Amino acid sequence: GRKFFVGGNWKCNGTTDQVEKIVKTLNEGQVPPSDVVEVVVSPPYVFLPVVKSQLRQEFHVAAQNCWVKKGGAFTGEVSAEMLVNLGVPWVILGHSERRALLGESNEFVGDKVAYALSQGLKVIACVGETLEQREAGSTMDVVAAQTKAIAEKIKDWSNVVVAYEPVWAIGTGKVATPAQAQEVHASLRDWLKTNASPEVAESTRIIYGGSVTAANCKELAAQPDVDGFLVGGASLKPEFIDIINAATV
């Protein structure tokens, strides 16, 4: 039904030599065919050209962010139409690090997703609640509000992937387990069924954006409402190849 999706978010990491090595490893990696798994890798802006030119054609690149509207007098920002012009097909929007550290609001993220889609980008849209929010019993309230801010602004989900980030397991004493992931993914999919449409809920990939390793990827992949991963640290490692192969689960 839904094609397994694996995204690698490099975050703010990379040197010319390290990028050379990562691309070599990606290109030499033994992975399932493209009808089994969809693979997207996301370098920092400055490495998008060299990665896009060297990367195997089954794998596509994503920017880690883009501006909320048309380009122009926005020093330091990269516009959606700029990325599209460059041939970059994907963008990550609303990552928890940008919501938390760069103050990106629900509404701001929703507007970014809508604008990115309008220019022809495909979007990985991130949602997720904090430990405080989870312990207050507000997990679905918060995730619903984040997702609604996006849903209100778009009317085509065909090029959207939703990533759930268990922010409550970042820097805390808590581990997000596959059972816990599945519970949120199922709840999110039900939210989509009720608030977008049953068709959108059925066809939209919901990927897990918690810690993903070779050690836990297969058990995560086996959860019925987990459609793949947004990988953090392991995306910089040969381990990423093993994670992609969890698609066959």
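Start at 1 and count along the sequence shown; that's the residue number.
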{"property": "Between 60-68 and 190-198 (mean CA B-factor, as deposited), the higher", "result": "190-198"}
{"property": "Of 151-159 and 104-112, the one with larger mean CA B-factor", "result": "151-159"}
{"property": "Residue selected from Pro44, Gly209, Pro33, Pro49 by maximal Cα B factor", "result": "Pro33"}
{"property": "Third assignment of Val88 from its chain's C-alpha B-factors", "result": "lowest"}
{"property": "Assigned third (lowest, middle, highest) for the C-alpha B factor of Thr139", "result": "middle"}
{"property": "Among modelled residues of the same chain, the CA temperature factor third for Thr204", "result": "middle"}
{"property": "Lowest, middle or highest third - CA B-factor, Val231", "result": "middle"}
{"property": "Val6 CA temperature factor, ranked by third within the chain", "result": "lowest"}
